[PDB]
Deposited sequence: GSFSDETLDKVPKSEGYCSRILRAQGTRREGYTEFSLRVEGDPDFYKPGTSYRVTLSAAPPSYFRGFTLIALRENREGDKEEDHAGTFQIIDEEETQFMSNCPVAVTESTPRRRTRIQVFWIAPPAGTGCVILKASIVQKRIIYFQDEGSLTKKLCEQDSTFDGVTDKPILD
């Protein structure tokens, strides 16, 4: 599929009012361990849609680390447009979203989880910042 899935995006680098983080906040990952990933929207702010992927550091095809597992089928789904991505299942307002992610085999290096966010019309995305989480193996 594509990260060219973006054609209507506004790039917004840095820390924003939207945050992608992992519950427990691990400094490092452990191959085959299932971490809970959450996408959050701070004080009087909300989102209506999003996307989510994982990638090995430095890599920009089939270079996606680990696998996602759906927790809330009323909120999330795998995108039939891009199967390696997790996205919203309804454009209804949310302040939180959660998904499982399972750590890739021993010695896969560093992994970045990236999210994009649509609030009203605008789709926001970035390479570095609060919608981005890098996790390494050691």
Note to self: Ranges lacking C-alpha coordinates, please, mapped onto the deposited sequence and listed in sequence order.
What the structure shows: 1-17, 78-80, 159-172
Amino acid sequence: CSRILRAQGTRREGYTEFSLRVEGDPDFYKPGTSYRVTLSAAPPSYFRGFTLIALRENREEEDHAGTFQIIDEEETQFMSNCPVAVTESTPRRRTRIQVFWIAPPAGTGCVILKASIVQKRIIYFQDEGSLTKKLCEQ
From here on, numbers count along this sequence of modelled residues.
Checklist line | Higher-scoring stretch by recorded Cα B factor average, 88-96 or 32-40 | finding: 88-96
Next item on the list: Place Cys110 in the lowest, middle or highest third of its chain's C-alpha B-factors, as listed in the PDB entry.
Entry: middle
Notebook entry, point to check: Would the CA B-factor of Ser19 place it in the lowest, middle or highest third of its chain?
Noted result: middle
Item checked: Chain-wide C-alpha B factor ranking for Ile53, given as lowest, middle or highest third -> highest
Next item on the list: Would you please rank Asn81 by its C-alpha temperature factor against the other modelled residues of its chain and give the third it falls in: lowest, middle or highest?
Entry: highest
